[PDB]
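S.K.: Pasting a structure below so you can have a look.
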Amino acid sequence: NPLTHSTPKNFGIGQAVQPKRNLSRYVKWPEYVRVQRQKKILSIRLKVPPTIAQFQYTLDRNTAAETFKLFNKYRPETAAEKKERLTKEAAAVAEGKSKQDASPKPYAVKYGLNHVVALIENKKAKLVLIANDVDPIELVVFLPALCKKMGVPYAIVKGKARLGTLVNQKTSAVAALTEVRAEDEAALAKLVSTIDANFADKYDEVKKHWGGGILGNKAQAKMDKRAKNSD
Amino acid sequence: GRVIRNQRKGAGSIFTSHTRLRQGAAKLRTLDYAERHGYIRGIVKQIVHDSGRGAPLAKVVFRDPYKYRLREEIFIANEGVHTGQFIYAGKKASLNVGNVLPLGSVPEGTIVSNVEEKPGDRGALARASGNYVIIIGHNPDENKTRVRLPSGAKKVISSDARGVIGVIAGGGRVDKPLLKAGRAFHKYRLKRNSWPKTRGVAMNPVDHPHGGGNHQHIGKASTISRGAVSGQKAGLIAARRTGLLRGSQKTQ
Amino acid sequence: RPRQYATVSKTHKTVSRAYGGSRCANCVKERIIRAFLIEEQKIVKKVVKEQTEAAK
Amino acid sequence: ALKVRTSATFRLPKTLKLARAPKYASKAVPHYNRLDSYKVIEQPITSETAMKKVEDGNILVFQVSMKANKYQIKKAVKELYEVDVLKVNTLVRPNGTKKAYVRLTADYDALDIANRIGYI
RNA sequence: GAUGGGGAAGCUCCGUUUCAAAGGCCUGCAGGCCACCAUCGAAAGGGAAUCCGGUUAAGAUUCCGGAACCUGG
RNA sequence: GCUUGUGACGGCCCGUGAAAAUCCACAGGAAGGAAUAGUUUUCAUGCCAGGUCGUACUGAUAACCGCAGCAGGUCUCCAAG
RNA sequence: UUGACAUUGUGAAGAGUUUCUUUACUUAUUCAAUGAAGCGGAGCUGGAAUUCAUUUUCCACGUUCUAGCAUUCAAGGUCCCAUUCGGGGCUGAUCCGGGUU
């Protein structure tokens, strides 16, 4: 209107002083940031053997949520719960009913790495969950082939932090249950079928295939050009 | 024996450069989006004698494109430039004296000065008085232009490397004798402590290989192999020949 | 001397123009002229570009 | 899911920078006022040259601790003698002791103050 | 010549726009801008500002009398 | 006239013959701003303070160094007929 | 200084089961600059092609007489808020990969 006046700016070369912009691309980041990003990328390079290419097949979110829902039923105890049980079973059985028969048998996930490992060794395990994102990874590389040879159902999953939360811990790296009540065995089998199909049965094939090989945006598009524009 | 003169110069203490009266080092800009795509104009505000160096300098200003300021830069004079002149610079820049361009942006037979050996080295070659460097051909394969150098040589470098049109000012400095020790003295105090110079054959054997006497003479050949040792290397070095010669091609 | 320019009032340090104690009158005149004439020739370059581009 | 950083230069982002929460009160107690007034002003100087300045110039000459300074000197005088201090000049005698020539205001007679002090 | 760092068995060495997350500027926080930034290094370099007269055995552009100037608040 | 400072000039160079703190100005136009009044302290005037250290004497054919009160050596200003 | 071994990975091509020659790559390593500013990819846009215009093969990307000036998330336009005075968002300044180059 007739007091405001529309005066654009060129923002062009040799004139029209340049504005501010999103320079997140051209950042000179800190060292640790560059390190984690470049480690990720380098790991993406350098063709990965099948023994690690097992990983990065984690799950569908739907099956993930279903499984987690199952596992939440078989939580461990907490401070107050262990406190209560130990007050009561003691108070009764110590001068009363049988030692530790004065309180119910428990059910839970039976977490803990070496515990899990021994259970699998003893075939006493029923289902296994393996966080994909461990560091170091030799902790866990040997579990899938192990469970395969032992005929046990496993899956690789996401969020070792989620595993931790499942135990009221920061992280677990593992979670693998046996004790299941009769009510949940149907869902147990339901998940087992699809999961062995997805992970366990495909083991021997994935064990054949490598990973990596990727280029990255620039050289990748460049190879696409050197192939398409030239062939 | 002792340590010889030239063995000692690596440590500097005496033999460093006398850079008080220097202006800032003379250089091109930092390469950037403008020169990379388009051009930019700068203005020479004044040109000046730097000391301990012929080939006078020019202080040039540009608009900081990315911020409200001025960026001053120290270019090497180009034999005709002058105050108040506009100095265009970049890929799309005009082909005139003083302007600075890549090499693919110009033809062969053209010449240039202060040229970059690599993009963003900010000037390596043809930085001396009355010198210059020639373009002789291009090769868009790998963006490689080829050139001829004041040593008579030839080279190949990136065609995108920047260089300033013309030849460097100063010119016939060498054609004037010094006539005497003192002008040389001043000429060299403004640079370094590399002068006067004593002759090895006058020195003593401990102070030099040549050294000892009863007669000012050397004793053995003064062509000291390229595979020799520091402290042995005094005289002629990789002598592919020696004595006076004719003639004469630099390279062809 | 420099630190006395802080003590003294401003009539000692400036004359009554734009670019008072910074530039001489003939340079300011020059710079005024340069501004006006170039902004006119700028307009002229603009309209010349328009009639030329709309020529075809 | 992103963020805008409008400059390639990153810096340490600020934080709270806590205050100190001492448990055990590092010093068992505070010192007293080391360098009080009595400690500051040590001794008058009754050399005849000094008595002359007294009689004539309304000055007191005092030997003082090196650790003092003119503010403290003045402060201590005005307290210990209930006086107005015009000015002071100071020095270090070659024997390693500090001297102060303390001029008084016109209201006070340095001499009468001297014999009040009991030196004269 | 410290620091980040990097060498050296190490005493310590290299380097001082350092391959660094290197802060303080205004108007508890909200606004805002702005940063290769230790520190030392000249009693003859640079640099805010004072003079006269008089005074002592011995001090003085320092003291006394008089008259100024500069900074900071 | 002597010393000394100073200015504008002229000659010299392949020699063109410090830096920083500090101070100022300019552009800029962020902002705030008068009527019973409101703005300004780079005008004048007014008020308080201005710390620490050194400060004497010699500076040489007797105070420095030369083992010493050594004809030696040791930076410099003033400069009458 | 030269050779071997290790760092030292991935592809191809092939003379005499060989194990030797160049040449392919970026992540290793190496070099350089920058307050790590504008890489890359498709674009758009624009000219200039055509047609009773529409891609229907064409093409390229805003500053050059002059010792000026270019700064306040930018003016404009478009939305919200009620907007008393002032804020806030999108464009203006194509979008997408975050390989600083």
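If you're wondering about the labels, chains in the structure tokens are A, B, ... by order shown, residues count from 1 in each chain, ligands from 1 in order shown.
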Residues of chain D classed as strand (DSSP E or B) by DSSP on the backbone are to be reported as a PyMOL selection string.

M.R.: chain D and resi 9+41-44+59-64+85-93+97-104

S.K.: What's the 8 Å shell around residue 150 of chain A, counting only C-alpha atoms (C1' of nucleotides), without same-chain residues fewer than 5 positions away, as number ranges by chain?

M.R.: A: 120-121, 123

S.K.: Write out the residues from the selection above, keeping N, CA, C and O atoms, as a JSON list (two decimals), in the first residue's frame.

M.R.:
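For reference, result.json as written:
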```json
[["chain", "number", "residue", "atom", "x", "y", "z"],
["A", 120, "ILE", "N", 20.41, -71.86, 27.63],
["A", 120, "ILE", "CA", 20.42, -72.33, 26.26],
["A", 120, "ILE", "C", 21.27, -73.58, 26.14],
["A", 120, "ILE", "O", 20.91, -74.53, 25.44],
["A", 121, "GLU", "N", 22.42, -73.58, 26.81],
["A", 121, "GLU", "CA", 23.28, -74.75, 26.83],
["A", 121, "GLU", "C", 22.54, -75.96, 27.37],
["A", 121, "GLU", "O", 22.72, -77.08, 26.88],
["A", 123, "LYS", "N", 19.31, -76.32, 27.16],
["A", 123, "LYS", "CA", 18.07, -76.46, 26.40],
["A", 123, "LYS", "C", 16.85, -76.00, 27.18],
["A", 123, "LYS", "O", 15.72, -76.20, 26.72]]
```

S.K.: DSSP on the backbone, then: every residue of segment 39-203 of chain A marked helix (DSSP H, G or I), written as a ChimeraX atom specification.

M.R.: /A:39-44,50-53,61-73,79-93,113-121,143-149,160-166,182-200,203

S.K.: Env of segment 4-20 of chain C: 7 Å cut, atoms = only C-alpha atoms (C1' of nucleotides), seq-sep filter 5 positions within chain, self excluded. Answer as a PDB file with C-alpha atoms (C1' of nucleotides), in the first residue's frame.

M.R.:
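The result, stored in around-v9.pdb:
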```pdb
ATOM      1  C1'   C F  23      41.902   8.414  21.560  1.00  0.00           C
ATOM      2  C1'   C F  24      38.776  10.553  18.019  1.00  0.00           C
ATOM      3  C1'   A F  25      35.770  11.265  13.861  1.00  0.00           C
ATOM      4  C1'   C F  26      32.478   9.611   9.988  1.00  0.00           C
ATOM      5  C1'   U F  42      31.396  16.212  23.913  1.00  0.00           C
TER       6        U F  42
END
```

S.K.: Hey, what's within 9 Å of residue 19 of chain B if we count only C-alpha atoms (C1' of nucleotides) and toss same-chain stuff fewer than 3 positions away? As a short mmCIF file (atom, residue, chain, number, x, y, z; two decimals) with N, CA, C and O atoms, in the first residue's frame, please?

M.R.:
```cif
data_model
loop_
_atom_site.label_atom_id
_atom_site.label_comp_id
_atom_site.auth_asym_id
_atom_site.auth_seq_id
_atom_site.Cartn_x
_atom_site.Cartn_y
_atom_site.Cartn_z
N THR B 16 67.78 -16.08 9.36
CA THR B 16 66.38 -15.96 9.04
C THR B 16 66.14 -14.74 8.18
O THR B 16 67.04 -13.95 7.90
N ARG B 22 58.24 -5.85 5.91
CA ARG B 22 57.30 -6.48 5.01
C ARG B 22 55.90 -5.97 5.27
O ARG B 22 55.53 -5.63 6.39
N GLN B 23 55.12 -5.91 4.20
CA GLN B 23 53.68 -5.85 4.35
C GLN B 23 53.24 -7.28 4.59
O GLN B 23 54.08 -8.16 4.78
N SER B 51 59.61 -4.34 0.98
CA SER B 51 61.05 -4.28 1.12
C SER B 51 61.63 -5.68 1.09
O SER B 51 60.96 -6.64 1.49
N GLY B 52 62.86 -5.80 0.61
CA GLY B 52 63.44 -7.11 0.42
C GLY B 52 62.80 -7.90 -0.69
O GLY B 52 63.00 -9.11 -0.77
N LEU B 190 67.97 -6.27 3.76
CA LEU B 190 66.52 -6.31 3.71
C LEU B 190 65.96 -7.70 3.46
O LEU B 190 64.74 -7.86 3.48
N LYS B 191 66.81 -8.70 3.24
CA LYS B 191 66.36 -10.06 2.98
C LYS B 191 66.83 -11.03 4.06
O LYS B 191 66.01 -11.65 4.73
#
```
